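See below for the structure under consideration.
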Amino acid sequence: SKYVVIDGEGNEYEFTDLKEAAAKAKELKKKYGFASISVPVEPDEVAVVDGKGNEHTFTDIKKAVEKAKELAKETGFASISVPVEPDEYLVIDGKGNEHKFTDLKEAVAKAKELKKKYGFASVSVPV
């Protein structure tokens, strides 16, 4: 598999191991303010990755968002991953709304604004 961490500069870090990826994301967030992690998700699923590097899969985005809030507090980190098409980037905010981009730095900039507004936002990238 391939797991991708995105930081606040729009840099992409690739990993073969989820626990190492989730640990990098948690560190970039604590040290530099922002990080998302994208993981392979089955079609019609959504996945939340927590601060322990564990996945939580869902078919209902509203339930995923609810869980992502429990996990960010309990484990120190949470990121929602959704399937994206090549050359697209999707931002999911803390209320479950999806915003589509074709420029990663644009997607990151929006995610930062939505994190301020709603408390939480993730950026999903193609795997």
Side-chain angles (χ1 to χ4, degrees):
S1 301
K2 292 298 296 210
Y3 310 96
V4 179
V5 177
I6 305 295
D7 67 11
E9 294 290 305
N11 296 320
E12 309 182 68
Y13 304 79
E14 296 188 19
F15 293 86
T16 55
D17 185 84
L18 180 56
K19 292 267 176 23
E20 304 184 346
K24 179 56 78 177
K26 195 178 191 178
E27 290 157 10
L28 302 172
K29 178 188 169 209
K30 299 185 179 179
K31 295 185 54 184
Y32 308 113
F34 180 89
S36 302
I37 176 168
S38 296
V39 301
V41 292
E42 306 290 327
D44 295 342
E45 296 195 338
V46 170
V48 179
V49 174
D50 63 28
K52 299 188 199 295
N54 295 344
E55 285 191 43
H56 306 249
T57 61
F58 298 91
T59 51
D60 187 344
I61 180 75
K62 292 190 188 184
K63 294 186 179 191
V65 162
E66 285 165 17
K67 188 68 197 198
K69 294 181 261 174
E70 301 163 22
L71 290 167
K73 167 181 289 201
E74 190 198 37
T75 70
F77 176 88
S79 185
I80 302 177
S81 194
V82 306
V84 185
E85 277 302 285
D87 294 337
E88 313 193 347
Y89 309 93
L90 292 215
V91 179
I92 310 275
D93 62 31
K95 306 292 187 160
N97 306 307
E98 316 178 26
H99 305 65
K100 306 178 60 183
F101 295 86
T102 64
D103 184 72
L104 177 56
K105 283 185 69 83
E106 288 195 29
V108 172
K110 186 66 164 189
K112 284 180 179 156
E113 176 183 276
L114 295 171
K115 177 165 178 186
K116 294 186 187 290
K117 181 164 187 191
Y118 294 120
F120 174 90
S122 284
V123 181
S124 287
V125 308
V127 297

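Note that the numbering runs from 1 along the sequence shown for the chain.
Here the CD-CG distance, from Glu55 to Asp50, works out to 9.5 Å after rounding to the nearest 0.5 Å. Between the NZ atom in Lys69 and the NZ atom in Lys95 there is a gap of 5.5 Å [rounded to 0.5 Å]. The CZ atom of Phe58 sits 8.5 Å away from atom NZ of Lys63, with the distance rounded to the nearest 0.5 Å. Between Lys19 atom NZ and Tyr3 atom OH the span is 9.5 Å, to the nearest 0.5 Å. Taken from CG in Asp93 to NE2 in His99, the straight-line distance is 5.5 Å, to the nearest 0.5 Å. To the nearest 0.5 Å, atom CD1 of residue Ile61 and atom CD1 of residue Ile80 are 5.0 Å apart.
The same ILVMFWY cluster, assembled from side-chain heavy atoms under 4.5 Å apart, contains both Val46 and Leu90. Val41 and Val48 are assigned to two separate hydrophobic clusters, defined by single-linkage of ILVMFWY side chains at heavy-atom distances under 4.5 Å. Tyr118 and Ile92 fall into different hydrophobic clusters, defined by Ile, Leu, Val, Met, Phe, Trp and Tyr side-chain heavy atoms under 4.5 Å apart, directly or through other members. If you chain together hydrophobic residues whose side chains sit under 4.5 Å apart, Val5 and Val127 never meet in one group.
A salt bridge links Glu113 with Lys110: the distance from a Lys NZ or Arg NE/NH1/NH2 to an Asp or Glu carboxylate oxygen falls below 4.0 Å. Using a cutoff of 4.0 Å between basic side-chain nitrogens and carboxylate oxygens, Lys67 and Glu70 are scored as salt-bridged.
Across every non-hydrogen atom of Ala68 and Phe120, the tightest pair is CB-CZ, 4.0 Å. Nearest approach of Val39 to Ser81, heavy atoms of both residues: N-OG, 3.0 Å. Of all heavy-atom pairs between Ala35 and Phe77, the closest is O-CE1, 3.7 Å. For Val65 against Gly96, the heavy-atom pair with the smallest separation is CG2-CA, 3.6 Å. Heavy atoms only, all atoms of each residue included: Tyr89 and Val125 are closest at CD2-CG1, 3.8 Å. In this structure, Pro83 and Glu42 approach most closely via the heavy-atom pair CG-O, 4.1 Å.
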*Could you give me the CA-CA distance, side-chain angles and deciding distance for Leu104 and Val123, then say whether side chain to side chain contact (heavy atoms under 4.5 Å, CB included) is met?*
CA-CA 9 Å; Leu104 177 56; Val123 181; 4.1 Å; yes

*Take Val108 and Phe34 through the side chain to side chain contact (heavy atoms under 4.5 Å, CB included) test and state the conclusion after the steps.*
CA-CA 9 Å; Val108 172; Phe34 180 89; 4.2 Å; yes

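Applying the 6.0 Å contact sphere to NZ of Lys73 captures no more than 12 heavy atoms from other residues, nucleotides or ligands. Heavy-atom neighbours of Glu98 CD from other residues, nucleotides or ligands within 6.0 Å: above the threshold of 12. Around the NZ atom of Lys112, the shell of radius 6.0 Å holds more than 12 heavy atoms that belong to other residues, nucleotides or ligands.
The backbone N or O of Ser36 sits nowhere less than 3.5 Å from a side-chain atom of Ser79 that would complete a donor-acceptor pair.
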